[PDB]
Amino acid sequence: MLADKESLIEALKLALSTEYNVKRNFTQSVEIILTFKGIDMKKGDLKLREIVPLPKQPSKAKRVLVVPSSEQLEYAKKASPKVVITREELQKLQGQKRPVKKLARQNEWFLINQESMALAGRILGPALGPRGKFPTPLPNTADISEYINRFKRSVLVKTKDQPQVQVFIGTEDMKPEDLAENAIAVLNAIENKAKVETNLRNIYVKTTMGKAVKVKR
């Protein structure tokens, strides 16, 4: 454990209080920020890249891009993803730097049918890689609706070259208990992949534009 429901709820409730969080012209998001000490990057001490489905659904859906198959096309549309790219539309993207880079930047997940895995990696890959993103395969079944929905509420817990973990934990209109639970999920995904309880320095939580609040331990 890196934290506990109670200390997290304590911090989160404080991060959402008008004291630490002024009101804005949009529903802000809540973030979890974990920093680490004495961690050796080149040794895989804190190498992360975990897909984490949030237990308590936020009022803001994560942007998902989906490249289905004729069969899945309609089911994909149902899940109402950020954008649906048919296999034909994908081919036409080859060579188009701008549209591809846009797609890579304004989308969090890229779900590709196994038949377009190669196509997607060549056309979207070079744009996803540097952005810390990547494509993930869709199941071969026809109704993908649920899979997409799952990613519409999944966050990426990854590290690149800094001893820290920054993740979207939900929106500010949620109950501290719920945010605390998603925080747990993110936390559990870190522990699961690496024992860094001793390297942990601090854990902050905050709204998109509110003051950071350290979690007590």
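All residue numbers refer to positions in the sequence shown, first residue = 1.
Look at the mean CA B-factor for 207-215 and for 3-11 in the entry; the higher one is 3-11. Mean CA B-factor, 70-78 versus 117-125: the higher value falls on 70-78. Looking only at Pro135, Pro99, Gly95, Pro139, the residue with the top Cα B factor in the deposited structure is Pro139. Highest C-alpha temperature factor among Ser154, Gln166, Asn192, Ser29 per the entry: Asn192. Placement of the Cα temperature factor of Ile39 within the chain: highest third of the modelled residues, per the deposited record. Placement of the Cα temperature factor of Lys47 within the chain: highest third of the modelled residues, per the deposited record. In this PDB entry, the Cα temperature factor of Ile144 sits in the top third of its chain's modelled residues, the highest group. Among the modelled residues of the chain, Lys160 sits in the middle third by CA temperature factor in this PDB entry.
Ranked by C-alpha B-factor against the other modelled residues of its chain, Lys175 falls in the highest third.
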